[PDB]
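Just one chain is shown here, as C-alpha cells, and it is the form deposited in one PDB entry.
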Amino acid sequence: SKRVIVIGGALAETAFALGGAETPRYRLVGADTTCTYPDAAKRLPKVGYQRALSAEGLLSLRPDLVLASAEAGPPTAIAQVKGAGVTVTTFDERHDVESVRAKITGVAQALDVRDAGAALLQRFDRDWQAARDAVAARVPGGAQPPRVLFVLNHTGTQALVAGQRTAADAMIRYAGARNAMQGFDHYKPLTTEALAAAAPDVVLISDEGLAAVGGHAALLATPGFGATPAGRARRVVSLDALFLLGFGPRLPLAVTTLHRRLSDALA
C-alpha cells in the first residue's frame, strides 16, 4: 500500500530477495535504470538514471518512500523530492562489506521484513567468507598482483578510468589484484598518457561499455593501448556493470567471478 521507489540497483536486488517488493505494507512501484536484477526489477517503470535524476521523473510515480544510494543525484533532485513530503532513506556507498550489510539490514527495516533480512545477512556473511578464502588461496596469474585498469564508459560517449574511492578499485583489490590507476580519487578521462602511466596487465570493463563501443577490437584500437601490456596481449575482461560495481547481495559471487576471470585472462 505505501508506494516505494528504489534508486540504485543493489537496493532493488535486496528489496526483491527479501520478498519486500509486493507486501501488504509496501509496494515497489518504480526504479532507476540501474535496477536490472532480478527480472521483476526490469519490469518496473523507470524514473531515469541514478546519477542524473529529475525530480519530475521520480514524482510522476507518486512515491511515499524512496530508498536511495548515497551516489544518487544530482543533489537538487533529491532535495526536491524530500521537499515534496516524500521520505528518502539513504544508504552509504563506502564500497566495502559493511556497506552491503547496511543495505541488507536497512532495506529490511525500511520495508518491515526484518526477519528475512537477518536470514539473508547470515547467508551473505557465509558466502563472503567462502569468497575471501577462495581469493586468499591464489593470486590471479600465479605471480605478483596484476595491474588492472577499469574503463567506465557505459553509453560509449566518453571513456573514463577508475582511481581510488570507487567501487571498481575496491573490487579489483577484493579480487587479489591492484588498481593500475593510482594517485587520484574517482574518475578521469581516458587518455593516451593515462594508459601509458598506468601500464595495465589487464583491462576491465562492463559488458555494456564493451558492447557500446562495438566489442573487444574497438576497445583495443583506442589510441594508447598498444603501449601497454594489456594491449599487446589483448587481455580484456568484462562483467555486467551492476553485478561488478553495485555492492549488493551478490558481492561474494562477483568477487569470485572477477578473481576467476582475471586468472583465465592471464594464463
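From 1 onward, residues are counted along the sequence shown.
From this point on, the text means the form deposited in another entry, which you will not see here.
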Looking at how the rigid parts shift between the shown form and the other one, which one of 120, 78, 211, 92 is at the hinge? 92
Just say closer or farther for the C-alpha distance from residue 219 to residue 157 in that other deposited form, relative to the shown form; it changes by 3 Å or more. closer
Note whether the distance between the C-alpha atoms of residue 155 and residue 228 decreases (closer) or increases (farther) in that other deposited form, against the displayed form; the change is 3 Å or more. closer
